Structure formats: C-alpha cells, structure tokens
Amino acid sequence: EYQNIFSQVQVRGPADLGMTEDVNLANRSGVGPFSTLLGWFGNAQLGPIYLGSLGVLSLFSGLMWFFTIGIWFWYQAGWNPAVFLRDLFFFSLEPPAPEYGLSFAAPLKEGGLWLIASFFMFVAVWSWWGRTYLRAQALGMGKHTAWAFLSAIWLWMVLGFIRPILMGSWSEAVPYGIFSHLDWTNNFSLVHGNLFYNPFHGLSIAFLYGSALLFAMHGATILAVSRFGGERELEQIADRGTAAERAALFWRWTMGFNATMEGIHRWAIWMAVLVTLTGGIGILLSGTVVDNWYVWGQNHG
C-alpha cells in the first residue's frame, strides 16, 4: 500500500512556457531551473514568472517597505551586527503617538518612518491585488483568486487603516516587529474586555478550524481516489468518473450528505474567505461601537 504523499519516479520534459491566450509574452521571463527536491512533492519547474509594470511597481514598493523597517532595526541596534541578530525579535517600528492623531506631520524618529513604511506596504499589496485580477483576465479565467484575496486585504485594511481612522489616531495601528505585534494582539484583547466575548472573533475561529478540517478532508479524499485519477478535478467535473462517485459515496455513507467535484471547491473558497471576513468586522466594531465585549455580552446589545 504505497500512499502517494511523495512520487516514486520523476519524469522531465522540455520546460513549459505555459498557455498564451491574451498574455503579452514580452513580459514573461525565461524558465528558471528544475528542482528534484520540489519534484518529489509537486512540480519540479521554477518559472517562468510574468513581470509587467504592476509586478515591478509592487515588487519595488514591497522591498522599500521591508528595507524601511530593516534600516530602523539597524539604527536601534546602534549599527552593530551582533546586537541586530541578538535583538531581531525585540526591535519594532511603532506608529506615531496619540498626540499626532491622524496627521502625517510626526517626525521620522516618532512614527513618521512608520507612515513611510505603511505607504509603501499599501501600494505594494493593492498593486499585487490588481496583478491577481489582470493575470487571470489575460488567461480568460474567473476572478475568484482576486475576490478571495480581497477578503484577506479586508482584515489588513481594517487593522492598520480603516479602524485607526475611525478611532482618529495612527497609534491604534499595528507596529512592524516580531514580538511587538504579538504584544499589540494580546494587549488589544485586554483593553476590549476579552475578544473571546466578541462573537465575530468566535466565528473567525470556527472558520479557521473549518479550513483546517475541510482541507484535511478534501486533501485526504483526493489522495484516496488518486488511483482513479481524482486529482484531475476539471475533467471529473466535465465527465464524472468512479473517482468522483467513490469520493462522494465515502462521505454520504460516513455523514449522510456529500459534495460534487465542483461543489467541494465552493465549500472550500467560502470556508476560507469567511475567516478574514468575520475577522475584519469583529476588529472594526472593537473600540468604534463596542468598548468592552464582556459588557456588550451581558446585554447581548
């Protein structure tokens, strides 16, 4: 009983430049190497990547965010490489003090640098979002990947932009640091009367656990019926095989209801997006509408 977690044999052919459709091939790179290592688990082929204008705008924008934090971390380390490595987790680029409110007027050494790093990150993600849409259009595919990535952007937007604005200060935003953003998270909960009483936090968790449950179930199922070419999900949608039937009937006989080879992917995208969707609402209502979720919880309203 071989289990199909790793391949027993790799086969390689000429590198794959991919489908064309309306893609501008001027903007695609050359294929990178193959990877035997990767090739045991998935595809061996690195590349080619498509880098148009939006890619470079995003990538340049995104490195500027990373270096902007990194330069502050060096300053804090007093430019000592040993200290930098020692305290890497303890460094933190914090937002402007409540004093400066929603003003872009605070000095570099007191959150002005946080605003710069944030502006770069805002450009980075939004350009990258435009890129997920446009790369799909060019291949004539649905925009599921862009509408799903929006759900994640929603929580990130609420945490560092929308909610800070509605509270009326940049100090309400998340510091760029490893241990410091953990503290922010812990401290956020305490100040709001414990997020376990925030009913949106509770659903957020249900979905985050459902995402783990459902991909365990889905993954395991496809591997169980990969002996009838189950992984070939599009041709099983177009023309149902014993793979799709045995997959469905496993679940019908276990728990009394089942999915289709297409329908399971609707369960999937929704289970996952509902994490960051309920998440964002929970955070957005925290400090704006509800002071204390324990207290709110007592009235239910």
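When you see a residue number, it is the position in the sequence shown, counting from 1.
Chemist: Going by the B-factors listed in the PDB entry, is the mean over the C-alpha atoms higher for 60-68 or for 245-253?
Modeler: In the deposited entry, the stretch with the higher C-alpha B-factor mean is 60-68.
Chemist: Tell me which stretch has the larger mean Cα B-factor in this entry, 214-222 or 157-165.
Modeler: It is 157-165.
Chemist: Looking at the C-alpha B-factor values in the deposited entry, which of 95, 230, 193, 199 comes out highest?
Modeler: When the deposited C-alpha B-factors of 95, 230, 193, 199 are compared, 95 is largest.
Chemist: Looking at 126, 104, 207, 188, which has the highest Cα B-factor in the entry?
Modeler: That would be 104.
Chemist: When the deposited Cα B-factors of this chain's modelled residues are ordered and cut into thirds, is residue 272 in the lowest, the middle or the highest one?
Modeler: Lowest third of the chain for residue 272's C-alpha B-factor.
Chemist: Using the B-factors in the PDB entry, rank residue 258's C-alpha atom against the chain and give the third, lowest, middle or highest.
Modeler: Its C-alpha B-factor belongs to the lowest third of this chain's values.
Chemist: Within this chain's modelled residues, let me know which third the CA B factor of residue 146 belongs to: lowest, middle or highest.
Modeler: Its C-alpha B-factor belongs to the middle third of this chain's values.
Chemist: Taking the chain's C-alpha temperature factors as the reference, tell me which third residue 35 falls into: lowest, middle or highest.
Modeler: For residue 35, whose C-alpha B-factor we compare with every modelled residue in the chain, the answer is the middle third.
Chemist: Please place residue 46 in the lowest, middle or highest third of its chain according to the CA B-factor in the PDB entry.
Modeler: Middle third, going by the recorded CA B-factors of the chain.
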